[PDB]
Amino acid sequence: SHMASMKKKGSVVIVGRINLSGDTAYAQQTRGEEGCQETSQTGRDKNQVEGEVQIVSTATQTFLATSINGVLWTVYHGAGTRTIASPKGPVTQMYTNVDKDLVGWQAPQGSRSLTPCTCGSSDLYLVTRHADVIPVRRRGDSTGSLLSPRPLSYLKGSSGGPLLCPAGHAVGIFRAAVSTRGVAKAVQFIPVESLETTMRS
Ligand SMILES: CC(C)(C)[C@@H]1NC(=O)O[C@@H]2CCC[C@H]2OC/C=C/C(F)(F)c2nc3ccccc3nc2O[C@@H]2C[C@@H](C(=O)N[C@]3(C(=O)NS(=O)(=O)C4(C)CC4)C[C@H]3C(F)F)N(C2)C1=O
Ligand SMILES: [Cl-]
Ligand SMILES: [Zn+2]
């Protein structure tokens, strides 16, 4: 009840990226923990942003965010309603949908966006925060099976990451794992058509 001392939550901060520009996928860190903490409080991130898949952090969580159609998308269970840090200060979400576990901000200047897939293909690839590229067979509008199951630990921290088609288009945003006895056999994702609906109107 003491408003004068109520705290403010920090901004989401870009702390690195998944480099997909060459023949090898690899994670790059662009900001260490101290700078991340400062940037979360000010909301002012002067780092140059590059690429399609960002590694992002709050004070308590780290996950991914993916640019599609000029929007940097991630999961609500990671970002909540938080702003993202940018060169001129905190940027408010332009999309928030808790029912889809989805949020989005305008894509950062310097980022590149994935194109929404129109291939109608079921052979997908999940990109993790460790730059592992995991083949996934699409099994429905929002699920796909891992060709090689993996412990949940392998996938933790990769919500917000993309599923891509063979042509490198965005098919979806990783949301939740389908896990039994700690082994993830499948993944559940926000399909790009749901993003496009959220964007259209
Ligand atoms: C058992 C399990 C594997 C932990 C869990 N499975 C699970 O629930 O499966 C069911 C059955 C099939 C689909 C799914 O239907 C329920 C829908 C869940 C949801 F996702 F839509 C979701 N909506 C929310 C909306 C608002 C607030 C909180 C919400 N919380 C949610 O789910 C929560 C979160 C999500 C999660 O952990 N995501 C990942 C991740 O990396 N996060 S993260 O980066 O480390 C981090 C926590 C920093 C942000 C990708 C999976 C990684 F670990 F593989 N969850 C639990 C799970 O995946
Ligand atoms: Cl959805
Ligand atoms: Zn495609």
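Residues numbered from 1 in each chain as written, not as in the entry; some residues may be left out. Chains lettered and ligands numbered in written order. Heavy atoms only, no water. Residues with missing side-chain atoms left out of burial classes, pairs and counts.

This entry, as listed in the PDB, derives from X-ray crystallography and reports a resolution of 1.749 Å.

## Observations concerning the overall build of the protein
Quick note on the threshold: Each helix is a run of DSSP H or I of at least 4 residues and each strand a run of E of at least 2, with the numbering of both proceeding from the N terminus. The globule rule is 2.2 Å times the number of residues to the power 0.38, and the radius of gyration it is compared with is taken over C-alpha atoms.
Along its length, the protein carries four helices and 13 strands. A compact globule built from 201 residues should have a C-alpha radius of gyration of about 17 Å, and the protein, at 16 Å, falls within 12% of that. With the C-alpha coordinates aligned to their principal axes, the bounding extent of the protein is approximately 50 × 35 × 35 Å.

## Remarks on the coordination of the zinc ion (ligand 3)
Using the following cut-off: Donor criterion used throughout: N, O or S atom within 2.8 Å of the metal, extended to 3.2 Å for Na, K and Ca. Water excluded; incomplete-looking sites may result. Each residue is assigned to one of three classes by its accessible area relative to the maximum for its type, calculated with a 1.4 Å probe on protein chains only: buried under 20%, partly exposed between the two thresholds, exposed over 50%.
Looking at the metal site, the zinc ion (ligand 3) is ligated by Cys117 (SG), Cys119 (SG), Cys165 (SG) and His169 (ND1), spaced 2.3 Å from it. Spacing between the donor residues of the zinc ion (ligand 3) along their common chain follows C-x1-C-x45-C-x3-H. The class of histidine 169 is partly exposed, set by a relative accessible area of 22%.

## A closer look at the pairing of strand 8 (residues 123-127)
Heads up, the condition is: Any two strands between which DSSP finds at least two bridges are classified as paired.
Bridge analysis of strand 8 against strand 9 (residues 133-138) gives five bridges, and the strand direction is antiparallel. From the neighbouring strand, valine 127 faces strand 9, where its bridge partner is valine 133. In this antiparallel pair of consecutive strands, strand 8 and strand 9, the connection spans five residues, and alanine 131 shows a positive phi of 65 degrees. In terms of strand pairing, strand 8 meets strand 11 (residues 162-164) through two bridges, oriented antiparallel. In the strand pairing of strand 11, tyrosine 125 is matched with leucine 164.

## Examining the environment of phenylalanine 63
Stated formally: It only takes one pair of heavy atoms within 4.5 Å for two residues to be counted as in contact.
Within the element layout of this structure, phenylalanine 63 appears in strand 4 (residues 62-68). A residue is classified by how much of its surface remains accessible, and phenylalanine 63, at 2% relative accessible area, is buried. In this structure, the C-alpha to C-alpha distance between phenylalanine 63 and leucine 20, residues 43 residues apart in sequence, is 17 Å. Setting aside residues up to four positions removed in sequence, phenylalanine 63 forms contacts with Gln54, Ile55, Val56, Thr58, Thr74, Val75, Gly78, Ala79, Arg129, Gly157 and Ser159.

## With respect to the nonpolar core
Note the cut-off: By nonpolar core we mean a set of buried residues, namely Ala, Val, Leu, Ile, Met, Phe, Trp, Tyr and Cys, connected to one another through side-chain atoms within 4.5 Å. Marked domain ranges trace back to an automatic or database domain assignment.
With 22 residues, the main nonpolar core has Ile18, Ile68, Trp73, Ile173 and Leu195 as its most contacted residues. When residues of this core are traced back to their parent elements, those giving at least two are strand 1 (13-19), strand 3 (53-57), strand 4, strand 5 (71-74), strand 12 (170-180) and helix 4 (192-200). The element that contributes the greatest number of residues to this core is strand 1, accounting for three residues. Counting contributing residues per domain, this core is built from domain 1 (13-106) and domain 2 (123-200), each supplying no fewer than three.

## Structural notes on the sheet that holds strand 11
Rules: An axis is simply a line fitted to the C-alpha atoms; with a helix, the fit covers only the stretch in contact. Between two such axes, the angle follows the N-to-C directions and lies from 0 to 180 degrees.
Reading around the barrel, the six strands line up as 8-9-10-13-12-11 and close back on themselves, with antiparallel pairing between neighbours. Taken over all neighbouring pairs, the strand axes of this sheet differ in orientation by 40 degrees on average, direction set aside. Docked against the sheet, helix 4 engages strand 9, strand 12 and strand 13 (183-191), running at close to 30 degrees with respect to strand 13.

## Focus: the site of ligand 1
Our working rule: Summary of the distance rule: residues count as near a molecule or strand when at least one heavy atom falls within 4 Å of that molecule or strand. Within 3.5 Å is the distance limit for a polar contact, defined as a pair of N or O atoms, with the added protein rule that one can donate a hydrogen and the other accept it, and that residues adjacent in sequence qualify only through two side-chain atoms. Polar here means any residue other than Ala, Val, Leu, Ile, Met, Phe, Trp, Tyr, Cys and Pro, which are nonpolar, and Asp, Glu, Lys and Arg, which are charged; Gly is therefore polar.
Taken together, 19 residues lie near ligand 1, and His77, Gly157, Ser159, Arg175 and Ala177 sit nearest. At 3.4 Å, a side-chain N or O of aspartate 101 approaches a nitrogen atom of ligand 1. Between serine 158 and ligand 1, the recorded distance is 3.4 Å, taken from a backbone N or O atom to an oxygen atom. Taken together, the residues of the shell around ligand 1 sort by class into eight nonpolar, eight polar and three charged. Here the shell around ligand 1 gathers at least three residues from each of two domains, domain 1 (13-106) and domain 2 (123-200).

## Points about the side chain of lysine 100
For the record, the criterion: In summary, the charge assignment counts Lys and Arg as positive and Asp and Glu as negative, without counting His or the chain termini. Every case where a carboxyl oxygen of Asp or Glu lies within 4 Å of a side-chain nitrogen of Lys or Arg is listed as a salt bridge.
Position of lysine 100 among the secondary structure elements: in the loop between strand 6 (95-97) and strand 7 (102-106). There is no salt bridge for the buried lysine 100, and the closest opposite charge comes from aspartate 99, which lies 9.2 Å off by N-O distance. Sequence-distant contacts of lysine 100, that is, excluding residues within four places in its chain, are made with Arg175, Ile190, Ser194, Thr197 and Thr198.

## Some details on the pattern of salt bridges
In total, this model carries two salt bridges according to the counting rule given. As a salt-bridge pair, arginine 137 and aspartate 123 come within 2.9 Å of each other at their nearest N and O atoms. Within this pair, whereas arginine 137 is found in strand 9, its partner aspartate 123 is found in strand 8, the two being separated by 14 residues in sequence. Exposure remark for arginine 137: the relative accessible area of 34% places this residue in the partly exposed category. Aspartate 123 sits in the partly exposed class, given a relative accessible area of 39%.

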